[PDB]
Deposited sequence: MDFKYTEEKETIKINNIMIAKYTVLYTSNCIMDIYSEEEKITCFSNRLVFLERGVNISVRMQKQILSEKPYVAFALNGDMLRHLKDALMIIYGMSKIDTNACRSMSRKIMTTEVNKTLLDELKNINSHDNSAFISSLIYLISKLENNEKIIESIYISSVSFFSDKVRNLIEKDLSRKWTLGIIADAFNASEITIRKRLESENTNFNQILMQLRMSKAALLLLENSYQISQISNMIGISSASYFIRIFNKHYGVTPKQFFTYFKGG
C-alpha cells in the first residue's frame, strides 16, 4: 500500500488548467496515449479532456502539485488577447520551468484578473513551440453543445434530470440530443455523473463538509451510495482521495 502513489480514473478537466508538478511524477493516460510529467515541470491541460492519472509523490506531507485553473472569463479574455498578439499530444503539454519563469509562477495572484492574464501572457511568450498551447487555449475557449448541457445541469445539480428534460429545454428531440452529445464523445448520463463527481471531489478537498452533506449537495440520496459511486468512478475511496491531496 504505497501512500506516495495513487491511480485515479475518469478525471474531467473542467477548466483550462496549468499545473506545476511541485511534488510528484505524473503519468497521464487518455485514449491509449501516455504523457509523463516529471518533477518540476509545467503542465498544460486542455479544458474538456478525460484522463486517468498515476501519481507518485516524492514527499508525502505536501500536496502532489500546484495548479492554476482558469474560469470562463479568464479563458476567453486570454483567447482574445492571444489572438490579438499572435490527438492527445496536442491537448496535454509539459515543459521545464526556469528560475525566471518559476519566479513568475511564485507571484501569481488569483484575485487580480488583469495581473493574472498578463502573467500567463508573459509565460507563454517564453516557451518554445508555443503554438500547441495557443491552439488548446483557443480550442478550449469554444463552448461545445455538451457545455450547454453542462451549464443547464450545473444550475440545479440536485434535480432528477432526464434526457427528456434536456431535449425539451433545447427545443429538440431526444435522439437529436444524444446524437449531438455523441458527436462530442459523451452522453447525457456521463455528463451528469461527471458533474456530480467533479463537484464532490472539490467539496472533499475543502475539508469543511461531511460526506453525507457532500452527497446531499450533489444530489445523491445516501452517503453510502455516494461512497460506492465515487470509488467506482475514480478508483479510490473519498477517504483515500482526500488523504492523498490533503
Enumerate the deposited-sequence segments absent from the coordinates, judged by C-alpha atoms, in order of position. 1 to 6, 93 to 103, 264 to 265
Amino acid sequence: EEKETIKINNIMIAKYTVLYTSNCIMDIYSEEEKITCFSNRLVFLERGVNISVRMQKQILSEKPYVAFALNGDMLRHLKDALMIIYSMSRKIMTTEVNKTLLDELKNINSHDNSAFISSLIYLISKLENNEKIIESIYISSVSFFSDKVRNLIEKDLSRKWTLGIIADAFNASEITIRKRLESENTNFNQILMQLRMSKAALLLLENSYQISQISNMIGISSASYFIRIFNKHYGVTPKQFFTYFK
From here on, numbers count along this sequence of modelled residues.
Would you determine, from the values in the PDB entry, which of 56 to 64 and 193 to 201 has the greater average C-alpha temperature factor? 56 to 64
Comparing average C-alpha B factors as deposited, tell me which of 170 to 178 and 101 to 109 sits higher. 101 to 109
Third of chain Cα B-factors occupied by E206: lowest
Using only modelled residues of the chain, where does the Cα B factor of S183 rank: lowest third, middle third or highest third? highest
For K239, return the chain-relative third of its C-alpha B-factor as stated in the PDB record: lowest, middle or highest. lowest
Chain-relative CA temperature factor third for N151: middle
For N130, the third of its chain into which the C-alpha B factor falls: highest
